[PDB]
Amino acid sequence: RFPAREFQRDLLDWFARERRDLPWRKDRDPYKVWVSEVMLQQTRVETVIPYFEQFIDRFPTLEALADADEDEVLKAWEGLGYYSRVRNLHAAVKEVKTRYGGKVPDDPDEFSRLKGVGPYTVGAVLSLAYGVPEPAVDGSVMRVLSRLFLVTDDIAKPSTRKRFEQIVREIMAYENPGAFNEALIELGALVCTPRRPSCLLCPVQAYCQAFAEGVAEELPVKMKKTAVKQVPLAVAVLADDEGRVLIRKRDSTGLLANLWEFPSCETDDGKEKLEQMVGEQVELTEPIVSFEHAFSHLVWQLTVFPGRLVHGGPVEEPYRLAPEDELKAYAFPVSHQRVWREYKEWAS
């Protein structure tokens, strides 16, 4: 019982007028669409634009990305967040090069088989680049649809998303699915804002149940996030006579996977506990700073300890000896990028 064409025409017409000239919107190349869509996951547009430009300059084609070293891609993603995204993407393009020859699959099931690609990305990439009419329901669309159709379901349950996707199937403009999908996302970004929605400027105010009932400001429905754990972290900054610095690569599974870091222990006696780990030859000074750094699911409480490094053997993996002049090359998390900043300030 939806005036689908009336809603479609107003939304699609409004999108052509208000469409932002974003970098990934210069064309409909799947690789560039695929890169932008992954980057945009849980990340604001304004944050992504520069990463996308540097990334695409370093990796202009799917084959360039697949052919690149794992550490080269991680550096390009340095500071963007959720780094498993890029590791999954780097693997996914490698599969596309070998399995599909470098042509991004146009089949939803085939593309959804690739790593890091879920329901939104299949809809987004395939609807825009190839025209496949698969729904592209992100958090923004779920808010838009929860207001257009007054849905109280918790948008957290995967099932609630499934309903919205089925809604998109029926209201979609199968005529131009790609333009229909990105119109919802652009509407969610520009008009149906998370707070203080501008429903008077909305091209689809008439077709919106929530605005009629006056409760758009009270949607979407979502459970309050669980409180995060607090994790004390002791961090060692170690220098030898020649100014080289001890850094180590984190394991490829779990938190900040394959990122380089200054050696640390989750000391829940920091200086002693740091000094025990290293033995498996150096001594530490008193702390110089303590600062916090937030994750989605926990908070690090860091404390930086300067120290001197005496070489009694080869610096074996995962550790590596890095001159100060070479640290700029490795990819560090923002947390340990701040460890270094505070360390050099203290040196001054």
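Just count from 1 along the sequence shown to find any residue number.
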query: Missing residues, deposited sequence, between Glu280 and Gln281 (class: none, 1 to 3, 4 to 9, 10 or more); finding: 4 to 9
query: Interresidue gap class [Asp268, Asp269; deposited sequence, unmodelled]; finding: 1 to 3
query: Per the entry, higher mean C-alpha B factor between 236-244 and 250-258; finding: 236-244
query: Mean temperature factor over C-alpha atoms, higher-scoring stretch between 5-13 and 328-336; finding: 5-13
query: Of the residues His90, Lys229, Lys75, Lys224, the one carrying the largest Cα B-factor as recorded; finding: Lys224
query: Residue selected from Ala124, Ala179, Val86, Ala206 by maximal Cα B factor; finding: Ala206
query: Chain third (lowest, middle, highest) by recorded CA B-factor, residue given as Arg320; finding: highest
query: Chain thirds of CA B-factor: placement of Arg143; finding: lowest
query: CA B-factor ranking of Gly102, expressed as a third of its chain; finding: highest
query: Third assignment of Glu186 from its chain's C-alpha B-factors; finding: lowest
query: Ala136, C-alpha B-factor rank within chain (lowest, middle or highest third); finding: lowest
